[PDB]
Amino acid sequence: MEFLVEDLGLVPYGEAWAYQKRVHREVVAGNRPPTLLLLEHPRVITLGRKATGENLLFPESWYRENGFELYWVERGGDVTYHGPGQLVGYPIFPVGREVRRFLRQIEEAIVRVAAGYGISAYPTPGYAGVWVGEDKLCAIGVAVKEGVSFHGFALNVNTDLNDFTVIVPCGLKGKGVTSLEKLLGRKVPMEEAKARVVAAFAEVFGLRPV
């Protein structure tokens, strides 16, 4: 019937990760409703299941020297970047066995958010995440353990898109990355993007937000 939204604001990746795991435990135990965490991270690169050292353009020592944190994680995908101005959403939801369906629902929610801004976005038949033309507006990479999801999505609102140039994803993809700011030619308030994401999730999943 319901999902809980928690706005964590700006939180370091490591502690936010530990929080994800604690939230996940409670949902698995049936002691917390499905939970959508909304937040930002300080500049961080994460390397998922498919990731290798060639997903990094520079040596990894360079990243830490230049203001990035770097972590190896168990989510789908290879490399991604999170940083200020990017709305990171961690839906920690009792999805069961239907992971592909859950991914499609996240995609749909993001497509709805973009539509609210007058932007035509699509999952694309062939590339993970949500795209506007040849550019990726939102990365998506989930993990599921004991039938409950963690990690999630990363919607570019006012992201510093220049920070993506130092990472080199592998596989089938479009040409670039984009943000609501870049597409609209002006910054979009983070509090507003959060509200619209909540509204979109409520609609797609058919749950009332608390």
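Position 1 is the first residue in the sequence shown; the rest follow in order.
For the pair 74 to 82 and 131 to 139, the mean B factor over Cα atoms is greater in 74 to 82. Annotation for 91 to 99 versus 107 to 115: the higher mean temperature factor (C-alpha) is found in 91 to 99.
Residue set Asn66, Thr35, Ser179, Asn162: peak C-alpha B-factor at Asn66 (per PDB entry). Residue-level temperature factors show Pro42 in the middle third of its chain, judged at the C-alpha atom.
Split the chain's modelled residues into thirds by C-alpha temperature factor. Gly48 is in the highest one. Ranked by Cα temperature factor within the chain, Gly30 sits in the middle third according to the deposited record. In the PDB entry, a CA B factor belonging to the highest third of its chain's modelled residues is recorded for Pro59.
In this PDB entry, the Cα temperature factor of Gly152 sits in the bottom third of its chain's modelled residues, the lowest group.
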